[PDB]
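S.K.: First, the structure itself, so that you have it in front of you.
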Amino acid sequence: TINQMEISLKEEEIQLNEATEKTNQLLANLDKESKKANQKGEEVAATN
Amino acid sequence: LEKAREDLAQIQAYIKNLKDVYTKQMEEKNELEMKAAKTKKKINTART
């Protein structure tokens, strides 16, 4: 039983780290895209 | 003005796609979190 619960914790923790890395990098990419979008929208509002 | 507005937008569409992928991601990650909970205390109590 000790081995079983250890294995489950190990695999679920590494999967959690993978999914959290996925969640993090997407947020940074989205923040960069949002900064560019807001600057270009201000430029468009100016131009119109 | 209209052309520059449309060009600046595309970013919003990509943001929405990324946000939906994010949606499924944190739902699945919360499921994996609650699974990965309840076994850490199990391993601690088992080894005690």
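Top to bottom, those sequences are chains A and B.
Residues in the first sequence are numbered consecutively from 3130, following the entry's author numbering.
Residues in the second sequence are numbered consecutively from 3370, following the entry's author numbering.
Idealized CB from N, CA, C, for every residue including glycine.
1. For the alpha helix (DSSP H) that contains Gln3168 (chain A), what are its first and last residues?
2. Roughly how many whole angstroms lie between the Cα atoms of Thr3152 (chain A) and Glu3142 (chain A)?
3. Report the rounded CA-to-CA distance for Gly3170 (chain A) versus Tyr3383 (chain B), giving the unit in angstroms.
4. If you follow the alpha helix (DSSP H) that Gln3381 (chain B) is in, where does it begin and where does it stop?
5. In or out: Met3403 (chain B) buried (at least 16 other Cβ within 10 Å) or exposed?
6. What are the start and end residues of the alpha helix (DSSP H) that includes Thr3417 (chain B)?
7. My guess is that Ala3148 (chain A) and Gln3394 (chain B) are in contact by the Cβ rule of under 8 Å, so how many angstroms apart are they, rounded?
8. Pick out whichever of B:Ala3373, B:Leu3370, B:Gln3381 and B:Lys3398 has its Cα sitting closest to the Cα of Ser3163 (chain A).
9. Answer with buried or exposed for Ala3175 (chain A), where buried requires no fewer than 16 other C-beta atoms within 10 angstroms of its C-beta.
M.R.: In brief:
1. That run of the alpha helix (DSSP H) goes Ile3131 to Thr3176.
2. Taking the straight line joining both Cα atoms gives about 15 Å.
3. Those two C-alpha atoms are separated by around 15 Å.
4. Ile3380 to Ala3405 is the extent of the alpha helix (DSSP H) around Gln3381 (chain B).
5. Classification of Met3403 (chain B): exposed, given that the 10 Å Cβ count is below 16.
6. Premise fails: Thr3417 (chain B) is in no alpha helix (DSSP H) and is neither H nor E.
7. With a Cβ gap of about 7 Å, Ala3148 (chain A) and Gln3394 (chain B) count as contacting.
8. For the residues B:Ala3373, B:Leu3370, B:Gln3381 and B:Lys3398, the minimum Cα distance to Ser3163 (chain A) belongs to B:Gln3381.
9. Under this definition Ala3175 (chain A) is an exposed residue.
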